[PDB]
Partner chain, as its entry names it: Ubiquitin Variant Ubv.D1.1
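Shown next as structure tokens: one chain only, the form solved without its partner chain.
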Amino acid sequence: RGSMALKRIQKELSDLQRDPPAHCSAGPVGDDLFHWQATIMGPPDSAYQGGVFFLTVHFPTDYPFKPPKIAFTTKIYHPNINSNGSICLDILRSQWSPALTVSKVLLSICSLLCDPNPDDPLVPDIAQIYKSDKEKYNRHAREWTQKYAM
């Protein structure tokens, strides 16, 4: 990182809360500005509402040029996310730009939770249930939300 990605982080933080998401939160864990942690609240009108999800954000030494290493610590019944919390979002590498911020990624996942990507499964069966029948999908998620995110 040198001192640049590092300042990039500071900027990412000082600006992160100038206008706080009132729903999500992220920041450096302990004395490591390259090791962050975040918390997302299930959008009130989504299957994951009322739940608290923990995320671990790892900043690449070459940031902001490369995307941040983030994982879902809290169990979540989502087709684009698996048993180890790995998240597969387009902007995480396939369509990522230095411009985008960690904040951005938050809202991205926030909407991703609401509107998932079925043909892009990380877990085929949960992606198949969504597509074939969301009515059932939107329950499992609730069951998991209060059993893993309460």
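Residues that one form lacks are left out of the comparison. Heads up, when I say rigid core I mean the largest set of C-alphas that superpose within 1.5 Å between the two forms. Numbering follows the first chain given and starts at 1.
Unshown form solved in complex with its partner chain; subsequent notes refer to it.
Just one of 123, 88, 33, 110 comes within 4.5 Å of its partner chain in the bound PDB entry, counting any heavy atom, and that one is 110.
Contact annotation for residue 129: none of its heavy atoms lies within 4.5 Å of its partner chain in the bound PDB entry.
The closest heavy atom approach of residue 67 to its partner chain in the bound PDB entry falls outside 4.5 Å. The shortest heavy atom separation between residue 92 and its partner chain in the bound PDB entry exceeds 4.5 Å. Contact check for residue 26: a non-hydrogen atom falls within 4.5 Å of its partner chain in the bound PDB entry.
Shown without its partner, the chain has 149, 150 in segment 116 to 150 as residues with a non-hydrogen atom within 4.5 angstroms of its partner chain in the bound PDB entry. Residue range 16 to 18 is the only run of 3 or more whose C-alphas all shift by 2 angstroms or more between this form and the one not shown once the rigid core is superposed.
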